[PDB]
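Q: The following block contains the structure, expressed as structure tokens.
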Amino acid sequence: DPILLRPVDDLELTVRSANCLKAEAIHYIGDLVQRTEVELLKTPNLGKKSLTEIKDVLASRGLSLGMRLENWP
Amino acid sequence: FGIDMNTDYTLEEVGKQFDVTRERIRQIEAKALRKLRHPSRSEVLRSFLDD
């Protein structure tokens, strides 16, 4: 989806979630939806509230985990 | 800015009502401007730009 290649800038996340994204550098929301909840909790310094907010920002625009894209970007 | 009031308040007079010495007030203005800077929050305001 064209919005999946939209970055974390339009995701409208915290500054802490931006710290985590720079620490991970996942550019597209379609690559990030490919990951799961415990997989996101693999990241350091990113806790339960962080993944909670991430699920919220994904529920905003129909995004969620498990969607495995291919030929992306 | 001067929305819904006859000014145009300045940084010292603004931060008086927020008790900041105009530096944190500058920072707060900058944060609000950065937030509204985002697309999906200012696409309409983008359309208001003429060029």
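We label chains A, B, ... in the order they appear in the structure tokens, count residues from 1 in each chain, and number ligands from 1 in the order shown.
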Please identify all polymer residues within 10 Å of residue 13 (chain A), counting only C-alpha atoms, omitting same-chain residues fewer than 5 positions from it, and present them as a ChimeraX atom specification.
A: /A:8,18,21,50,53-54,57
Q: Leaving out residue 46 (chain A) and any residue of its chain fewer than 4 positions from it, which residues lie within 12 Å of it when counting only C-alpha atoms, given as a PyMOL selection string?
A: chain A and resi 14-21+23-24+37-42+50-54
Q: Restricting the calculation to only C-alpha atoms, which member of B:20, B:37, B:25, B:6 is positioned closest to chain A?
A: B:37
Q: Please build the interface table for chain A against chain B with a cut-off of 10 Å, listing for each qualifying residue the nearest atom pair and the distance in Å to one decimal; count only C-alpha atoms, order rows by chain and increasing number, and write it as a tab-separated table.
A:
```
residue	atom	partner	partner_atom	distance
A:9	CA	B:38	CA	7.7
A:10	CA	B:39	CA	6.6
A:11	CA	B:40	CA	9.4
A:12	CA	B:38	CA	8.2
```
Q: For the atom pair CA of residue 6 (chain A) and CA of residue 28 (chain A), what is the interatomic distance in Å to one decimal place?
A: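 Interatomic distance here is 5.7 Å.
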Q: In Å, rounded to a single decimal, give me how far CA of residue 30 (chain B) is from CA of residue 58 (chain A).
A: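 If I compute the distance from CA of residue 58 (chain A) to CA of residue 30 (chain B), I get 27.1 Å.
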Q: From chain B, collect each residue whose DSSP state is helix (DSSP H, G or I) and return the set as a list in words.
A: residues 11, 12, 13, 14, 15, 16, 17, 18, 23, 24, 25, 26, 27, 28, 29, 30, 31, 32, 33, 34, 35, 36, 43, 44, 45, 46, 47 and 48 of chain B
Q: Could you state the separation of CA of residue 1 (chain A) and CA of residue 34 (chain A) in Å, given to one decimal place?
A: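 Answer for the CA of residue 1 (chain A) to CA of residue 34 (chain A) separation: 12.9 Å.
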Q: Using only C-alpha atoms, pick whichever of A:43, A:2, A:56, A:35 has the shortest atom-to-atom distance to residue 68 (chain A).
A: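 That would be A:35, the residue with the smallest distance to residue 68 (chain A).
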Q: Which residues are near residue 63 (chain A)? Cut-off 9 Å, only C-alpha atoms, ignore same chain within fewer than 5 positions. Put them as a PyMOL selection string.
A: chain A and resi 4+29-30+33+55+57-58
Q: Could you tell me which of A:47, A:73, A:7, A:62 comes closest to residue 25 (chain A) if we count only C-alpha atoms?
A: A:7
Q: Please list as a ChimeraX atom specification every residue within 10 Å of residue 11 (chain B), counting only C-alpha atoms and excluding residues in the same chain fewer than 6 positions away.
A: /B:20-26,29
